Each structure stands twice: as structure tokens, then as C-alpha cells.
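Undergrad: Right, I'll just put the structure down here and ask away after.
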Amino acid sequence: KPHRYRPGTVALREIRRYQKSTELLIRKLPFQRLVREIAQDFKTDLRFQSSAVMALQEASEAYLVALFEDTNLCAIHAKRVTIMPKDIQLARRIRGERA
Amino acid sequence: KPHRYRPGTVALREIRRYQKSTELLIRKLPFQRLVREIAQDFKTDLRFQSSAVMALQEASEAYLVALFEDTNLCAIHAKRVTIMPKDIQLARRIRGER
Amino acid sequence: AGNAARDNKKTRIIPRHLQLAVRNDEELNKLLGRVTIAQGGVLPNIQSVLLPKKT
Amino acid sequence: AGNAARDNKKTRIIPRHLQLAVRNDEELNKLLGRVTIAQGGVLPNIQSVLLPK
Amino acid sequence: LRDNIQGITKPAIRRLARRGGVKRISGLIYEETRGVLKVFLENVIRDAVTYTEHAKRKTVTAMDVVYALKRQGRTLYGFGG
Amino acid sequence: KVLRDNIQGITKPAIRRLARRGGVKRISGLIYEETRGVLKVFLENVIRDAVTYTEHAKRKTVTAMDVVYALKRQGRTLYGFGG
DNA sequence: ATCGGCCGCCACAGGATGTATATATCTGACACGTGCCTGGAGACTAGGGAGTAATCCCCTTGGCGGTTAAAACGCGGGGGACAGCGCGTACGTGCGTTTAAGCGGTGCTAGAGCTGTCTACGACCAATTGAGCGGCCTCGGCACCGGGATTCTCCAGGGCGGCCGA
DNA sequence: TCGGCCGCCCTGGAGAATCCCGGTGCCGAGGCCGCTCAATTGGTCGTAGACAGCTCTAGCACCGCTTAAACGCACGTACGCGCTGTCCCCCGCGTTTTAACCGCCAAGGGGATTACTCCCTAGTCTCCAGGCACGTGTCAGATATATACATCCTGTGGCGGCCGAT
Ligand SMILES: [Cl-]
């Protein structure tokens with residue numbers, strides 16, 4: 001009587017749902033707290049425009065989505081469908097960001 | 001029968017020998033002919049300084065060596081020691097030149 | 001972008017429509033490959049091996 | 001580069017010595033990551049899985 | 001003031017990976033992704049705060065983050081320019 | 001004479017030497033054709049930009065400075081020939 | 001029944017090979033002197049870009065109420081990751097063959113490169129004015145709640161061999 | 001000879017999700033108006049660059065030896081790749097918590113703007129000395145030839161497992 005789907009179908013459904021949407025996936029306030037925490041180690045008592053934190057979030061989510069794109073290509077290349085930190089490290093290494 | 005090595009030992013020996021050397025590995029004259037051939041489709045009767053073709057060769061070999069480095073990392077990542085056009089395409093795709 | 005707005009049955013160009021307009025064209029993708037467009041997301045791209053074998 | 005010339009037992013800095021001087025330092029590698037030095041080659045780097053057991 | 005990297009939640013990294021097209025996510029992804037995101041934010045906020053220092057200001061404008069991302073070769077549209 | 005078939009001048013042992021400098025142990029057979037393709041497209045972009053710099057300099061000889069400016073413009077700065 | 005042959009595996013070492021290291025030659029490329037001249041330096045003035053004070057209000061941060069979408073946690077399973085093994089194929093090694101890269105010569109000339117003339121094209125200055133921007137408004141395109149069609153997902157059953165094994 | 005369970009193929013119907021279609025509100029984009037300041041026009045010099053000519057550098061062209069290295073062929077074995085067995089870890093889903101979001105308000109930090117001064121650099125002129133082209137020495141090192149030392153593939157001896165034989 002209780003209905004349950006296979007894993008692949010809800011996974012692909014979420015892939016479609018979030019590749020159609022445009023909204024920011026990281027929540028606004030914990031990202032803002034992360035930004036203030038990282039900023040704290042450069043100068044005390046820093047202030048931020050709201051559009052500055054929104055710009056940080058737009059670029060950060062776009063960067064991680066391109067990163068997961070390359071990570072998925074690394075996984076698929078290695079005959080897997082599950083991404084691994086191996087795949088993230090390979091992606092960042094080929095992109096030249098390992099520093 | 002005479003002495004014969006394993007593949008891995010002469011392979012690693014050449015890896016060591018060419019990572020120590022600095023000379024240009026592509027020959028000068030066929031690369032020059034390739035440069036004139038590619039240039040031909042942009043303007044007829046183009047001339048080239050010798051240092052220009054040497055600069056092209058230095059940059060082309062450095063680019064292909066960085067390409068084979070990323071390609072070897074793609075091969076190793078796929079639990080293989082053999083580079084493949086799969087690996088070259090993955091490298092160029094992640095680097096963003098596709 | 002007006003074309004992608006028409007395809008989306010809208011008469012107001014949104015960021016998503018600029019995103020689709022640039023990234024579905026090859027030469028605009030070559031122009032803005034290292035450029036992030038805000039509120040745009042990515043293209044609806046799903047790889048073939050991740051799809052279930054509907055054969 | 002003089003250090004890498006000393007290590008190579010040489011008193012004349014060649015391109016290879018500049019190559020080693022930049023690419024063996026981390027922050028000079030960060031500075032010149034997208035920069036090709038001519039007549040330099042690459043570092044003698046051999047991966048661990050390619051070596052015979 | 002240390003669990004702010006844990007504010008990047010496991011559902012949020014999962015949503016990001018779904019937008020990236022990822023079907024399956026191992027458990028060791030999430031800490032690695034928090035790390036990589038933290039390093040990216042370190043570089044960006046470092047440059048933006050440098051730009052704020054040069055302007056002798058106390059607030060970080062959106063133009064500063066645009067200039068920083070533009071310097072780092074990741075141009076961001078829609079925040080001035 | 002119109003130059004043709006010069007991409008085969010990038011021989012198989014030269015690609016193997018380039019692979020050795022990159023640290024490659026074992027090389028499959030389609031690597032050589034793929035590598036000739038990638039090097040062809042790279043030289044297409046670089047020689048295209050250098051020819052363009054020659055065009056605007058009102059000249060017909062591609063200098064080393066043109067190739068340096070071109071490689072530098074594409075984010076691959078070449079040292080040794082000026083800049 | 002235990003024991004030698006043989007395979008697996010380990011390992012110990014003649015032997016061929018590549019290569020780290022010792023001298024000799026000869027070079028030609030790096031280091032240094034010399035002329036000189038053109039760019040570096042010193043001095044002086046103008047002014048306009050920049051330093052500094054005050055103001056004010058924009059907007060950035062801090063605080064609280066609720067609520068609810070979202071995050072955290074558990075749990076059962078199933079499907080993909082991972083290890084192992086066998087087949088084969090196709091790549092590397094070695095040797096002979098041979099194609100042509102490289103070096104060394106000269107001859108020629110198109111064209112890079114430097115010099116003089118001038119002229120036409122752009123900076124600089126004032127007036128003016130109309131196009132572009134701040135402010136406002138209204139309204140319709142977009143966002144959103146609800147309902148029905150639909151559209152793919154998935155599991156249950158019916159028939160179907162089929163496979164034995166008790 | 002037997003039917004009891006067990007994986008396969010097909011098909012059907014619940015079932016959650018999604019597309020489509022209206023209905024209503026809402027708030028930001030389109031449009032109108034002032035105005036103000038920079039776009040435009042006219043005119044003036046100054047010099048950057050277009051153009052002619054001369055030169056002289058090296059770039060292309062050809063040829064002759066010269067071996068360096070590419071091409072081809074056999075071969076063998078090591079890794080690519082397919083198959084399979086396991087297992088464990090992640091994914092869907094229900095339940096519970098929780099803090100993100102909205103929204104509302106309050107106080108003040110400083111962003112920005114204007115005014116005024118002020119002093120730092122742009123620009124000229126004159127002087128002079130350090131940097132560059134050119135010439136000449138001189139020694140660092142690439143390489144040939146010499147031993148000659150690690151090193152690795154393999155030849156083979158030895159220990160143990162085991163496996164069958166008389
Ligand atoms: Cl991992």
C-alpha cells in the first residue's frame with residue numbers, strides 16, 4: 001500500500017527540477033554567516049552590502065555547479081555514476097586550482 | 001636469444017630521460033611546414049622569422065606536455081595506465097577548450 | 001533572448017532568457033565561457049549514461 | 001635559480017634553472033601558473049602508480 | 001563562530017549537485033565541497049577586502065566583489081559593472 | 001605550391017616523446033591522431049591571432065613578438081622572446 | 001603412504017645495459033672596456049587633482065514574533081562500487097630498412113626598419129541646447145492558488161516455461 | 001516420471017508528479033515631465049602619422065652529404081575490458097526539530113557629497129652621466145673517450161605446497 005520510487009527516478013527528477021529553476025540553493029543567512037566568518041580573518045568589524053553577499057552567493061553557487069558538472073564528467077569517465085572526492089580533486093587539478 | 005627488457009622499465013626510463021632534457025621534441029622542419037600550412041588558409045605568401053617558429057614550437061610542445069600531464073591524470077583516475085582519446089577529451093573539456 | 005522568451009511564452013526578458021540565449025549559441029558561449037550570468041542557472045543538460053535504460 | 005644551478009653543479013643560469021626555480025617554489029608557481037618558460041621543460045615528476053612494484 | 005561552514009548544509013550541496021547534473025553523491029563529497037567552497041570564498045573575500053582597504057572604506061560593496069571576481073577571471077553580470 | 005598533409009609531419013615518435021615529458025607510461029593508438037587534431041586546433045587559434053597582429057602591423061612577416069603577444073593574450077605567456 | 005617431480009613463489013646473483021661520474025678539446029658565448037648620447041636628474045612654476053572637515057541621511061546591522069519550508073535523523077533495501085578472474089588484443093620492444101631532418105654552404109631579394117616632409121586629424125576652449133537621467137504612476141505582465149487532464153513510474157498478477165529435487 | 005517454486009515477458013491499474021488552464025492580486029516596467037549638463041558645432045594649432053625613398057637583414061630557395069631518427073614487421077605479455085559475486089552505503093521516505101524567511105522597527109556607522117585649501121606632479125629648460133652598441137678577451141661547459149657502478153631482466157637454485165604414483 002505505501003508507494004515508493006526507485007532511486008534513479010527521484011534523482012533524475014531533482015536533476016530536472018533544479019536545472020529548470022534559477023533560485024539560489026544555499027540559504028541566504030548561513031552563507032552570510034560564512035562570509036562574515038571568512039572575512040573576520042582579514043579585518044575586524046567589516047560591513048557588507050546586501051547586493052555584495054548576493055553577488056558572492058550567485059558566483060559561489062555558479063562555481064560549485066560548474067565544479068559538480070566537471071565532477072560528474074570525472075565520475076562518468078571512471079565508469080561510475082557516483083561522484084567522489086577523487087573526482088573533485090581531478091577536476092580542480094585539471095582546472096589548475098590546486099594551490 | 002639476446003637481452004630484452006620489460007615494457008614498464010624502458011617506458012619509465014624514457015619518462016625519466018625526457019623529463020630531464022630540455023630540447024625540442026618535435027622536429028623543426030615538419031613543424032615549420034605545419035605552421036606554413038595552417039597560415040596558408042589565412043593569407044597567401046606569409047613570411048616567418050626563425051624565432052617566431054621557435055616560439056610557436058616552444059609553446060606548442062609545452063601545451064601538449066601539459067595536455068599529456070592532464071591526460072595521464074585522467075587515465076590514472078580511470079584505474080588505467082593507458083591514455084585514451086576519452087582522457088584527452090575529458091582533459092580539454094574540464095580545461096574549457098571544447 | 002526574445003526568442004527564448006517566446007519559447008517560454010513570455011514577453012519580458014528575464015536573466016534565465018539571457019542565460020539560454022548565450023549558452024545555447026556556440027559563439028556567444030565562446031565569448032562568455034569564463035563569465036557568470038546571475039539568476040541564470042545552467043542549461044538543462046542531462047548525460048546519457050545517467051538516464052535509465054528505457055529500451 | 002643560482003641554488004638550482006649549484007645543485008646542477010653549474011655557475012651559469014640556464015632556462016632549465018629558472019624553470020626549476022619557479023616550479024619547485026609554491027608561490028612562484030601560483031604567480032606563473034599560466035606562464036610558459038621556453039627551453040625549460042617540466043619538473044621531473046613521476047606518478048606513484050606508474051612505478052613498478 | 002566555527003560551525004558557519006556547516007551552514008552549507010548537506011541538502012544544499014545536494015541541490016547544487018542536482019543543478020550540476022549529479023545523480024549519486026557519496027558521503028565524503030560534502031566535507032570536501034565545504035572545503036573547496038571555503039577556499040574559493042577565501043580567495044574572493046581576500047581580494048574584495050583588499051579592494052575595500054584601498055578605498056579606505058569599512059563596507060564591502062557589490063562592485064568590490066564584481067572587481068574581485070573579474071580579476072580572478074570569473075566575470076559576474078548583474079551587480080553594476 | 002599549396003602545402004598539404006603537413007599534420008602527418010608531427011610523427012608518432014615525436015608524440016611519444018611529448019608523452020614521455022608529460023609522464024605518460026603507455027600510449028594507445030588513437031592518441032596520435034587525436035593529438036595531431038588538438039595541436040592543429042591550438043596552432044589554428046595561435047597562428048590566427050599572430051596573423052591578425054601581422055595584418056594590423058602593415059607587415060607580411062610574422063615576428064616572434066606577434067606570437068608572444070598572441071600566446072600572452074590567450075593566457076599562456078611565453079618567456080624568452082620579449083613581451 | 002610419504003616422497004620425488006613440478007609448479008608457485010621467493011630470492012640470489014652472472015651478465016648486458018644505461019647511466020652517474022673522471023679528464024681533454026675546443027669553442028663561442030658570457031663578461032668586461034670604450035665611446036657617446038640620449039635619457040636621467042636638478043631646479044622652478046602653475047594649477048588642479050587630491051587631502052581634510054562637516055553634514056546627513058542611506059542603509060547596514062541588531063533585536064523580536066511566528067511559521068513553516070527546510071534541515072536533521074532513522075531505516076530498509078537495492079543497486080552501484082569494488083574486488084577478483086579470465087580472455088584477448090593490441091601496444092612496446094628490438095631489429096632491419098630507409099626516409100628525410102639537420103648542418104653547411106651561397107645567392108638573391110622582399111621586406112623589416114630607419115629618415116625626412118608635411119598635412120590632415122585630433123586635443124583644447126566656449127556656447128548652446130536637447131538628449132539623457134531623477135522622479136512618478138498606472139497597469140498589465142508575471143507570480144501564485146486551485147482543478148482537471150495527463151503522463152510517466154512502478155508493482156501486482158496472469159501466463160509462461162523450466163528447473164529440478166525431495 | 002511429478003508438480004512446487006522461481007525468474008521472464010507482458011499488461012493493467014493505482015499513484016504521485018507534472019502540464020495545462022483559468023482567476024486574482026501585485027509591484028515593477030513602460031511612459032510622461034523637468035532640467036541640467038555634456039554632445040554638438042565652429043574655430044585654432046600641433047604634431048602623429050601617411051607617404052616617398054634608401055638601405056641592408058635575414059628569410060626563402062636550392063643543393064650536397066650525413067648519419068639521426070622515422071617506418072615497418074614480428075612477437076609476446078601486460079593491461080584493457082567484460083563478467084560476476086558480494087556488500088555496504090546512499091537514496092527515498094516518514095517523523096521530528098529548527099532556524100530561515102518575512103516583516104517590522106530602532107539606532108547609528110559611515111558613504112557620499114560639497115566646500116576649501118594645499119601641495120604634488122606636469123611640463124620646460126639645462127646639464128651630465130649611466131646605459132647601450134660595438135669590440136675583444138677567456139673560460140664554462142658540451143661532448144668524445146675512458147673505466148666502471150648501479151640495475152634490472154632473467155637464469156636458475158632453493159623452500160614449500162601439493163599431487164599423484166607405485
Ligand atoms: Cl575518495
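Residue 1 is the first one shown; counting continues down the chain.
According to its header, the structure was obtained by electron microscopy, 2.9 Å.
In case you wondered, yes, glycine gets a Cβ from its N, Cα and C as well.
Take a look at what Swiss-Prot says about it:
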MOD_RES   D:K9  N6-(2-hydroxyisobutyryl)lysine
MOD_RES   D:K10  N6-(2-hydroxyisobutyryl)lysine
MOD_RES   D:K30  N6-(2-hydroxyisobutyryl)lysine
MOD_RES   D:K30  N6-succinyllysine
MOD_RES   D:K30  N6-glutaryllysine
MOD_RES   D:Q39  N5-methylglutamine
MOD_RES   D:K53  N6-glutaryllysine
MOD_RES   D:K53  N6-(2-hydroxyisobutyryl)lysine
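Neighbours and distances for these, please.
TA: Note on D:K9 (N6-(2-hydroxyisobutyryl)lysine): other Cβ atoms within 10 Å of its Cβ, all shown chains, come to 6.
When other Cβ atoms within 10 Å of the Cβ of D:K10 (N6-(2-hydroxyisobutyryl)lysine) are tallied across all protein chains shown, the result is 13.
The Cβ of D:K30 (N6-(2-hydroxyisobutyryl)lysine) lies under 8 Å from the Cβ of no residue that sits 6+ residues away along the same chain. Taken residue by residue with DSSP, D:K30 (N6-(2-hydroxyisobutyryl)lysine) is part of a helix.
Secondary structure from DSSP puts D:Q39 (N5-methylglutamine) in coil.
Within the same chain, no residue at least six positions away from D:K53 (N6-glutaryllysine) has a Cβ under 8 Å of its Cβ.
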Undergrad: List those modified residues among D:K9, D:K10, D:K30, D:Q39 whose Cβ lies under 8 Å from any Cβ of chain A, in sequence order, or write 'none' if there are none.
TA: D:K30
Undergrad: Could you measure between D:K9 (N6-(2-hydroxyisobutyryl)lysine) and D:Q39 (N5-methylglutamine) for me? Cα positions, answer in whole angstrom.
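TA: Distance (Cα to Cα, whole Å): 19 Å.
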Undergrad: Determine, to the nearest whole angstrom, how far the Cα atom of D:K10 (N6-(2-hydroxyisobutyryl)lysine) is from the Cα atom of D:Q39 (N5-methylglutamine).
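TA: Between the alpha carbons of D:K10 (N6-(2-hydroxyisobutyryl)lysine) and D:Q39 (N5-methylglutamine) there are 17 Å.
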Undergrad: Would you kindly determine which modified residues in the set D:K9, D:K10, D:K30, D:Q39, D:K53 have their Cβ under 8 angstroms from any Cβ of chain B, listing them in sequence order or replying 'none'?
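TA: Qualifying residues, whose Cβ lies under 8 Å from chain B: D:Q39.
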Undergrad: Measure from each Cβ of the modified residues D:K10, D:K30, D:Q39 to the Cβ atoms of chain F, and list in sequence order the residues where some distance is under 8 Å, or 'none'.
TA: D:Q39
